[PDB]
Amino acid sequence: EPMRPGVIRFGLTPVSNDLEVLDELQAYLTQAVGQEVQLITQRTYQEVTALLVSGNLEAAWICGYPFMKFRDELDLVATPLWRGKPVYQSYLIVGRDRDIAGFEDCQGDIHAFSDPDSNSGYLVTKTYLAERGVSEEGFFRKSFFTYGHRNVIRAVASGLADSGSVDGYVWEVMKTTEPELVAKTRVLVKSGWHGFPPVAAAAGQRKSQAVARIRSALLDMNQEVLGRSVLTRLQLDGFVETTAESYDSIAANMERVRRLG
């Protein structure tokens with residue numbers, strides 16, 4: 001009858017030195033949780049989210065958009081803090097020397113999105129379009145998914161995309177780690193503030209021991225040297241407890257896109 005895995009499984013999607021950060025995060029969570037934690041990476045948000053929703057992961061770091069989409073099947077564990085707050089923006093980016101004044105001038109672009117289930121890499125911009133009565137197929141000459149925010153930036157930097165939609169946290173971090181790459185882009189539009197991508201758990205595992213230990217591992221990550229090392233590399237400050245109401249601005253956009261679709 002019970003169908004337990006051999007280990008605690010923590011899901012995420014892809015993170016420059018990503019192996020170094022992943023190793024440390026895996027070792028930290030193992031050290032904190034008190035037993036082996038395996039990091040399970042999948043390429044897309046809906047793949048990580050479905051694994052979580054089916055109880056095939058004990059927790060996962062997902063986007064607020066899929067979190068709110070599967071809100072009744074999932075519980076929030078903790079939210080990251082960046083620049084002192086559990087919030088971030090979507091940046092609509094163009095080439096550094098592109099002469100244009102605003103978003104409306106991106107009509108006819110080739111546009112790079114990150115993932116159809118990304119708040120900052122799809123939804124926010126999809127909201128801009130829907131508010132103006134258009135979809136990506138109508139407004140742009142082409143759009144595609146890069147399946148990563150670093151890739152959106154590279155797509156715009158290289159000229160394959162005229163414009164892109166990116167996580168503004170990612171853009172700011174890369175500005176410091178790959179400055180010559182990010183200097184080939186510039187921020188055309190910054191969105192409003194949304195809840196930072198949270199760690200969530202299947203709603204059935206609410207009071208489970210693995211979830212409780214994961215949660216403390218996140219909230220106490222600043223109190224251990226290896227935990228601090230992970231936070232430093234991600235340029236994050238820690239994790240805090242939030243409730244679903246922190247994600248209301250995301251749900252509101254989801255509804256605009258539906259209402260107006």
# chains A, B, ... in the order shown; residues from 1 in each chain; ligands from 1

$ residues_around --residues "stretch 237-254 of chain A" --least-positions-apart "2" --cutoff "7 Å" --atoms "only C-alpha atoms" --output "list in words"
residues 64, 65, 68, 76, 77, 78, 79, 80, 81, 82, 84, 127, 194, 195, 218, 219, 221, 222, 231, 235, 256, 257 and 258 of chain A

$ residues_around --residues "residue A:204" --least-positions-apart "6" --cutoff "12 Å" --atoms "only C-alpha atoms" --output "VMD selection string"
chain A and resid 52 to 59 72 to 75 211

$ residues_around --residues "residue A:174" --least-positions-apart "2" --cutoff "12 Å" --atoms "only C-alpha atoms" --output "PyMOL selection string"
chain A and resi 15-17+149-154+166-172+176-185+233-235

$ write_last_selection --atoms "N, CA and C atoms" --output "compact mmCIF listing (two decimals), in the first residue's frame"
# COMPACT_ATOMS: atom_id res chain seq x y z
N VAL A 15 19.26 26.34 -13.09
CA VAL A 15 19.76 27.48 -12.29
C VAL A 15 20.28 28.49 -13.27
N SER A 16 25.68 30.17 -14.38
CA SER A 16 27.02 29.90 -14.95
C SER A 16 27.68 28.63 -14.32
N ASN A 17 28.24 28.78 -13.10
CA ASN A 17 28.66 27.65 -12.18
C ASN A 17 27.47 26.90 -11.49
N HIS A 149 15.82 31.76 -18.07
CA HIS A 149 15.95 33.21 -18.10
C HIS A 149 17.30 33.69 -18.59
N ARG A 150 18.36 32.94 -18.30
CA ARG A 150 19.68 33.22 -18.86
C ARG A 150 19.64 33.13 -20.40
N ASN A 151 18.89 32.17 -20.89
CA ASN A 151 18.71 32.01 -22.34
C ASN A 151 17.93 33.16 -22.99
N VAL A 152 16.90 33.70 -22.32
CA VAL A 152 16.28 34.89 -22.86
C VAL A 152 17.25 35.99 -23.08
N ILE A 153 18.12 36.23 -22.07
CA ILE A 153 19.10 37.24 -22.17
C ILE A 153 20.07 36.95 -23.28
N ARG A 154 20.49 35.70 -23.43
CA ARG A 154 21.43 35.42 -24.52
C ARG A 154 20.79 35.61 -25.91
N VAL A 166 12.05 38.61 -19.17
CA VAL A 166 12.95 37.94 -18.24
C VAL A 166 12.67 38.31 -16.82
N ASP A 167 12.96 37.36 -15.94
CA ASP A 167 13.04 37.57 -14.50
C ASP A 167 14.07 38.65 -14.16
N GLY A 168 13.62 39.72 -13.55
CA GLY A 168 14.46 40.90 -13.32
C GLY A 168 15.54 40.61 -12.26
N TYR A 169 15.22 39.68 -11.39
CA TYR A 169 16.21 39.13 -10.41
C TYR A 169 17.32 38.45 -11.16
N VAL A 170 16.98 37.63 -12.17
CA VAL A 170 17.98 36.98 -12.94
C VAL A 170 18.83 37.94 -13.68
N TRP A 171 18.18 38.90 -14.34
CA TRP A 171 18.90 39.90 -15.09
C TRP A 171 19.90 40.64 -14.19
N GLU A 172 19.47 41.04 -13.00
CA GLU A 172 20.36 41.79 -12.01
C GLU A 172 21.53 40.91 -11.57
N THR A 176 26.05 41.12 -12.84
CA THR A 176 27.22 41.10 -11.99
C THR A 176 28.07 39.93 -12.31
N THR A 177 27.54 38.81 -12.81
CA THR A 177 28.36 37.62 -13.07
C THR A 177 28.81 37.50 -14.53
N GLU A 178 28.04 38.04 -15.47
CA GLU A 178 28.36 38.09 -16.91
C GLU A 178 28.07 39.47 -17.47
N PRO A 179 28.80 40.48 -16.97
CA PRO A 179 28.50 41.84 -17.35
C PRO A 179 28.61 42.16 -18.80
N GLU A 180 29.56 41.56 -19.52
CA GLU A 180 29.72 41.85 -20.96
C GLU A 180 28.52 41.31 -21.77
N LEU A 181 27.95 40.20 -21.35
CA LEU A 181 26.72 39.67 -21.96
C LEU A 181 25.48 40.54 -21.68
N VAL A 182 25.31 40.94 -20.45
CA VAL A 182 24.12 41.71 -20.07
C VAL A 182 24.23 43.15 -20.65
N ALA A 183 25.43 43.73 -20.78
CA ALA A 183 25.65 45.04 -21.42
C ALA A 183 25.12 45.11 -22.86
N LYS A 184 24.90 43.96 -23.50
CA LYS A 184 24.30 43.93 -24.83
C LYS A 184 22.80 44.05 -24.79
N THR A 185 22.22 44.17 -23.60
CA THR A 185 20.78 44.33 -23.46
C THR A 185 20.47 45.57 -22.71
N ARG A 233 25.84 32.78 -3.53
CA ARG A 233 25.95 32.46 -4.97
C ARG A 233 24.68 32.85 -5.73
N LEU A 234 23.53 32.70 -5.09
CA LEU A 234 22.26 33.08 -5.68
C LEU A 234 21.91 34.55 -5.47
N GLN A 235 22.68 35.24 -4.66
CA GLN A 235 22.43 36.60 -4.27
C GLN A 235 21.13 36.78 -3.61

$ closest_residue --among "A:216, A:223, A:46, A:191" --to "residue A:62" --atoms "only C-alpha atoms"
A:46
